[PDB]
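got a sequence here, can you build the structure:
(3 chains, ligands or ions: 4)
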Amino acid sequence: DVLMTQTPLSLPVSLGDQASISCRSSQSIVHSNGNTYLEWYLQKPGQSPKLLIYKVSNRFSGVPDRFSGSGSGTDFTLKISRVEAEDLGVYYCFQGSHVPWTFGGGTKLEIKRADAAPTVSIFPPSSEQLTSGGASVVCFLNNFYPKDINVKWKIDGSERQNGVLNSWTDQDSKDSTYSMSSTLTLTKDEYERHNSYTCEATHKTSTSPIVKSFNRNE
Amino acid sequence: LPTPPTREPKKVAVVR
Amino acid sequence: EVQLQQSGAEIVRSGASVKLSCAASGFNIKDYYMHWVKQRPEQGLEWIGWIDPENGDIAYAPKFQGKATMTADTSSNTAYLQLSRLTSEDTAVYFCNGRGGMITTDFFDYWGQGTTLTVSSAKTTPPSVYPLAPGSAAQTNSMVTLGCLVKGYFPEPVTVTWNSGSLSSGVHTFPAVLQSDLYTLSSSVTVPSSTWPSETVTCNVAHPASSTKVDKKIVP
Ligand code: NA
Ligand code: NA
Ligand code: NA
Ligand code: NA
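Residues are numbered from 1 along each chain as shown, chains lettered A, B, ... in the order given. Ligands and ions are numbered 1, 2, ... in the order given. Find the structure here:
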């Protein structure tokens, strides 16, 4: 299939600033008929994609003139002048020249804000869960920016990597932060075999990890 | 004359 | 108001078939070409096929030849996508898109809202709901964070509120993840440390598929 690749993957921008997104096809997407069916879409969370640009450079109805599409052959660009809040979401390119028609992998246009360290909270398994033979340890890493973060679980001071599941919110519409949950799921027997449980978060806001810990025997 | 799929919008006649 | 309306979410066992629908209101699908698109979080957007409802001309992406069957019924202004021999890699959101109504150079482009398909042999299972309270050697700051763990349910979704809706600010509910063929999620709420545990905080969890509603008090 003709591969459509977009860069960058993620584009933090301040409102009012310009943004430019690139799309490259692995071979020419000029159609036999002379047209180049390169389209751009914006998809907001929970919504369908919406057409912005068709045939490289033509704005669909209702699309403001701050969006402009350009390019030719195998190299294309979407430019947004004066980014507004309503422009935030994931942008996809698409070629409809050669079957199978294919989409780019997307570029997330995201709003900048001041750096913010996560608030880290660790939660031991509830007595209720220990009753039934499971033990999930939960760590929340709330309200941080930028999105790049690393989370490490340690059990008696040693890193644990199996049985860990992470989940991320979308950027908050009010304060533009991210939040994350990390859950370590153990057998009750495994849980009761160790004493110390630690969630460690590494974020650009400090060289030092944020460490939150508890001891099972307390 | 086989008919390929298209990204062109489908045409409709005028609505008086 | 003018829109394409897609059928509701489907849960189906592997090896079965499903038929999704997309109905136009405010326009005539005889005036549009229809396209179907698949979306998954990790693999992204994929084009399935194209159909001219008026005369039944069809084309499929190679990967959906044999998987997908597109039809349309102009009398009911509806297009359909049948998916056969279902597997887990068919679990996705499916979108229809109509493009047409072009008299000269202007045209209309409409998308359905999407239909979620989940391919699984899991049984409808209510969640186990567990309180998340900070450790007994944890000193309360200005704010305190509490949570609720909602584990081992099927299918999606659940809804989570705090204090029966009275606690709405400072709440995050994280997306579900699969764990052992069931779903798990947590929700967190942050309140002033002066207000807890002196005033009570409860999470309210609802799972419509199992008609289950559960309230869990958060205690130290
Ligand atoms: Na900027
Ligand atoms: Na070690
Ligand atoms: Na994970
Ligand atoms: Na199955």
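
so who does residue 120 touch?
No chain specified, so I'll use chain A. Residue A:120 sits next to A:139, A:140, A:141, A:142, A:199, A:201, A:210, A:211, A:212 when contact means CB atoms under 8 Å, 6 or more residues apart in numbering or on different chains. Every residue, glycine included, has its C-beta placed from N, CA and C.

please go with chain C instead
C:11, C:13, C:14, C:88, C:91, C:154, C:155, C:181.

repeat that for residue A:197.
Per CB under 8 Å, 6+ apart, neighbours of residue A:197: A:122, A:124, A:137, A:153, A:154, A:155, A:184, A:213, A:214, A:215, A:216.

returning to that earlier point: select only the buried ones of the contacts of residue C:120 in ChimeraX?
Remark: buried members of those, expressed as a ChimeraX selection using 16 or more other CB atoms under 10 Å in any protein chain shown:
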select /C:11,91,154,155
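
now, the contacts of residue C:120 that are in strands?
residue C:11 (DSSP state E).

distance from the chain centre to stretch A:173-193, please.
With CA atoms, centre = their mean, to the nearest Å as the basis, stretch A:173-193 stands 18 Å off its chain's centre.

which element is whatever residue is furthest in space from the centre of chain C on?
For chain C, the C-alpha lying farthest from the average C-alpha position belongs to residue C:137; by CA atoms, centre = their mean, that distance is 39.6 Å. Under DSSP states H and E, no helix or strand contains residue C:137.

so what touches stretch A:123-137?
A:122, A:138-140, A:153, A:183-188, A:190-192, A:197, A:199, A:214, A:216, C:128, C:130-135, C:147, C:149, C:151, C:184.

ok, the residue of chain A found nearest chain B to residue A:152 distance?
Closest approach between chain A and chain B, counting by CB to the nearest CB: residue A:96, at 3.6 Å. Distance, residue A:96 to residue A:152, using CB to CB, to the nearest Å: 45 Å.

so the residue farthest from the centre of chain C touches residue A:217, yeah?
No. Contact status for residue C:137 versus residue A:217: not in contact, 10.5 Å apart, counting by CB atoms under 8 Å.

walk me through the domains of chain A.
A:1-113, A:115-214 (curated CATH domains).

who's in contact with the residue sitting nearest the centre point of chain C?
When CA atoms, centre = their mean is applied to chain C, the residue found nearest the centroid is residue C:116 (5.4 Å). Residues in contact with residue C:116 (CB under 8 Å, 6+ apart) are C:9, C:10, C:92, C:93.

swap in 7 Å and give it another go.
C:9, C:93 (CB atoms under 7 Å, 6 or more residues apart in numbering or on different chains).

how about residue A:98?
A:2, A:29 are the contacts of residue A:98 under CB under 7 Å, 6+ apart.

quick check: residues of chain B near chain A?
Proximity of chain B to chain A, by CB under 7 Å from any CB of the partner chain, involves residues B:5, B:7.

what residue in chain B comes nearest to ligand 3?
For chain B, the residue closest to ligand 3 is residue B:7, as judged by CB to the ion, at 37.3 Å.

thank you kindly, that will do.
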